[PDB]
């Protein structure tokens, strides 16, 4: 297994689609599912703040975050300030994780029920059993 460790850098792979969380090279802002090609924009440095994880783009130094109120369909975006996440192991595949906005029922969701199309947005969605809401955190 791969330990998630503060100060280490990982790729984050959708269990259903097999694409990774990718900071779009089109705008350096939008967070999308894209096939892994060892891009620095596909690599995220994890830091434990004492209470939560922050995920920093290896390419841009922006953090993985959101803007405005968590809801179904809230887009993930690059943000300037560290944004705190909580991770919980999944029930269907216990080597995988669900990644939540703290104190909410909203977790990362690869949109369109895990569409494999490159560029598919990564968003928040209310937690439910679909495997497109589950992610492995892997060595780059």
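Positions refer to the first chain, counted from 1.
Of the two segments examined, 62-70 and 27-35, it is 62-70 that shows the higher average Cα temperature factor in the deposited entry.
Taking only CA atoms, the mean B-factor in the PDB entry is higher for 1-9 than for the other of 130-138 and 1-9.
Within the group 85, 48, 113, 97, the record's highest C-alpha temperature factor is found at 48.
Among the modelled residues of its chain, residue 76 has a C-alpha B-factor that falls in the middle third according to the deposited record.
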